[PDB]
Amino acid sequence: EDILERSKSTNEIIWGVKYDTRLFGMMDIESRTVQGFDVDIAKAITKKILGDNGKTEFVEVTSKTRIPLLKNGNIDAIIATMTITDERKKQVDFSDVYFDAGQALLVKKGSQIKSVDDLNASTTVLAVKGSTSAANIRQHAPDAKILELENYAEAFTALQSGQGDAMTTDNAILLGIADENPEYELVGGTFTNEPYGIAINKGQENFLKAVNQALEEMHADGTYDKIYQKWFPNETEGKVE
């Protein structure tokens, strides 16, 4: 079914977002609503496509569940800190890039670790089980011990308790943890490129074109820049110019 047609009929686009990723998609206990950069970009795209009265629905996805839910039609699009990769394009299409992340390290302030180069056989790195981040750290720091945890929260609790010397995932995700926990900081720049895209099921070319046209309009009229400034007021590197 053509999602562009259906979404006009139901006046709604269904977005798969994270619920546990501060700055991108986080379930907010105060308002009982999900918030972040991915959420606000979804809302803005939906208004470009459907008009100012268009509705958004958000459905919680993880890195593990997002493509299966997309392929089964539970959601119309994934916007969930999702890197565009050739491997994933065997399964989905992607929009234009809307954020430029990169894999990085989070440590306790005062750590002797200042770069991925410092992750030798003496170090233990925390990563999420099944993630691209875990796979990447094994190639970039082949002698480090990797401890895999269920999710970001569990990885950060293990870092705080000293079960590992560093935690790894995308820089902008780690930022959402560092700004909340000032005893921790990012170190060493990035050692991958993680360009985020919006994933759409194969065979939805009309909807993909509409999403890309929405993004184009948002870049042209400053909506994109406003949303970026809101969530990343002191870090410009991730912005798509």
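Start at 1 with the first residue shown and count on from there.
Asker: Taking the mean of the C-alpha B-factors per stretch from the entry, tell me the winner out of 107-115 and 126-134.
Answerer: The recorded data point to 107-115.
Asker: Test of understanding: from the entry's C-alpha B-factors, which stretch has the higher mean, 79-87 or 154-162?
Answerer: Mean C-alpha B-factor is greater for 154-162.
Asker: Of the choices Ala101, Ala141, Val92, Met167, which one's C-alpha carries the largest B-factor in the record?
Answerer: It is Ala141.
Asker: Whose CA atom has the top B-factor in the entry, of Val61, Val187, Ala210, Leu175?
Answerer: The C-alpha B-factor peaks, among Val61, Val187, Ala210, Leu175, at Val187.
Asker: Consider only the C-alpha atoms of the modelled residues in this chain, order them by B-factor as the entry records it, and name the third containing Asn181: lowest, middle or highest.
Answerer: For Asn181, whose C-alpha B-factor we compare with every modelled residue in the chain, the answer is the highest third.
Asker: In terms of the chain's CA B-factor thirds, is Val34 lowest, middle or highest?
Answerer: It falls in the middle third of the chain.
Asker: Grab the CA temperature factor for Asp40 from the record and place it in the lowest, middle or highest third of its chain.
Answerer: Ranked within chain, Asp40 CA B lands in the lowest tercile.
Asker: Please say which third, lowest, middle or highest, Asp52 falls into when its CA temperature factor is compared across its chain.
Answerer: Top third by C-alpha B-factor.
Asker: Which third, lowest, middle or highest, does the CA B-factor of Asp28 fall in along this chain?
Answerer: Answer is highest: the recorded C-alpha B-factor places it there.
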